[PDB]
Amino acid sequence: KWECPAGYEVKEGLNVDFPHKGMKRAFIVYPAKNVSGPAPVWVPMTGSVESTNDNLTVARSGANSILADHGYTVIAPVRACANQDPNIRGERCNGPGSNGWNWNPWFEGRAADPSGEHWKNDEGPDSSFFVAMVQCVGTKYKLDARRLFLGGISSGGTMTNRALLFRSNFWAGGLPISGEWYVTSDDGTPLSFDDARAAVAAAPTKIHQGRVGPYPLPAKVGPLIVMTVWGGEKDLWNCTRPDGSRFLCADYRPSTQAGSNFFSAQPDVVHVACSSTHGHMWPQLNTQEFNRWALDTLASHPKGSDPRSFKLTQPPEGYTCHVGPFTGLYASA
């Protein structure tokens, strides 16, 4: 499955003008170090305000490129809105989406109005670009086809959820950190932030449909290991109006719960629910210990592995995790 479009020649570092669905995309490759043979892959994605460079090199943003020194080939996509500049932060990215998309950083969820209907059963240009990107990098570096993982924070966490839902026969798993689910009614009707929040609180253990994925959610998905991370009571996001005022527009308690319910219910998916207290940003406590543990945990479940043989190891201090759906976010009935 390793192939490049139009004779594209991948290189270490920043790759630009990668053709995909009429767009020109960019991504950065940090080849795995101290690895003989096929290397596991990590595709980290930034959120709405931090740049791809920040996500890859700044400690408080995760310094995801450091995982190449841990034996992973890191392949980081640049957001379409950044116009191939890995340094763009929130400029022209941190705001509502267009063309039927909910949020502009990534093509990660259909809009709440009718223009989003088209995306109910079309993965979108980011989900398909990531597959094409990894397939192309694999022509230059030897990658492990059973250990292709993606993940991200905030909007990047939402994009991880969407990619796992539409491309569960490609990725081996992912790390959606404080991503949205955009909960809807069972019939797909979009719900306001308040109604979506109340919907999960009213049925915390059920599977909820959401604008992050296909509608309806797939009955069955391919084999995966998914580690959803919730940042605690402060894992919230205040949007910014044009006039500068702030207002609550996302609460990641319901979305991490909903994601965990869907993935836990799938028989061929090992779901790990992890909670911390860093809020809505990349895990802050023992950050590199967490990144190493999380990716090595994902790698311990190569694609197609028996969920029954999976064995969770203790995460770093500052994290509580277990296999299954979240249980400490809503009171039991």
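Counting neighbours? That spans all protein chains shown, and the Cβs are built from the backbone with ideal geometry, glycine included. Every read-out reported here was derived from the displayed coordinates using simple, explicitly stated rules and does not represent laboratory data.
Percent antiparallel among DSSP beta bridges with both residues in the chain, to the nearest 5? The partial results should precede the final answer.
Details: 23 of 46 bridges.
The antiparallel fraction comes to roughly 50 percent.
Of all DSSP bridge pairs formed entirely within the range 23-146, close to 65 percent run antiparallel.
Computed over the range 1-156, the Cα gyration tensor eigenvalues convert (square root of 5λ each) into semi-axes of 26, 18, 13 Å, ordered from largest to smallest.
Of the residues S275, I75, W103, the one whose Cα sits farthest towards the positive end of the charge dipole of the chain is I75 (charges of +1 on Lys and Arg Cβ, -1 on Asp and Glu Cβ, taken about the Cα centre).
Note down the magnitude of the dipole of the chain about its Cα centre, charges +1 on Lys and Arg C-beta and -1 on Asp and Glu C-beta and zero elsewhere, to the nearest 20 debye.
It works out to roughly 540 debye.
When peptides 135-141, 66-72 are sorted by average Cβ neighbour count within 10 Å, with the highest value leading, the order is 66-72, 135-141.
Could you compute the FRET efficiency for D187 and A219, with r as their C-beta to C-beta distance and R0 at 22 Å, rounded to 0.05?
0.85
Between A331 and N169, full extension at 0.36 nm per residue minus the direct alpha carbon distance yields a gain of 54.9 nm. Taking the charge dipole of the range 141-243 about its Cα centre, with +1 at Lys and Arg Cβ atoms and -1 at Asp and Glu Cβ atoms, the residue from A172, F193, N238 reaching farthest to the positive side is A172.
This model, with +1 at the C-beta of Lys and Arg and -1 at the C-beta of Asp and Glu, gives the range 1-97 a dipole about its Cα centre of some 200 debye. Each distinct pair of alpha carbons in the chain adds a 1/r term; the inverse of their mean, the Kirkwood radius, is 19.5 Å. Pairs of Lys residues in the chain that lie 8 or more places apart, or on two chains, and have C-alpha atoms under 14 angstrom apart add up to 5. Of the trypsin sites (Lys or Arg not before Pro) found in the range 208-280, those that fall in a DSSP loop while having at most 11 other beta-carbon atoms within 10 Å are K220, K234. The charge dipole of the range 54-207, taken about its Cα centre with unit charges on the Cβ atoms of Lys, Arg (+1), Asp and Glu (-1) only, comes to about 560 debye.
Centre-to-centre separation between the Cα atoms of the range 25-67 and those of the range 245-305: 17 Å.
Put in line by how crowded their Cβ is, counting other Cβ atoms within 10 Å and starting with the fewest, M159, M227, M281, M133 read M281, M133, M227, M159.
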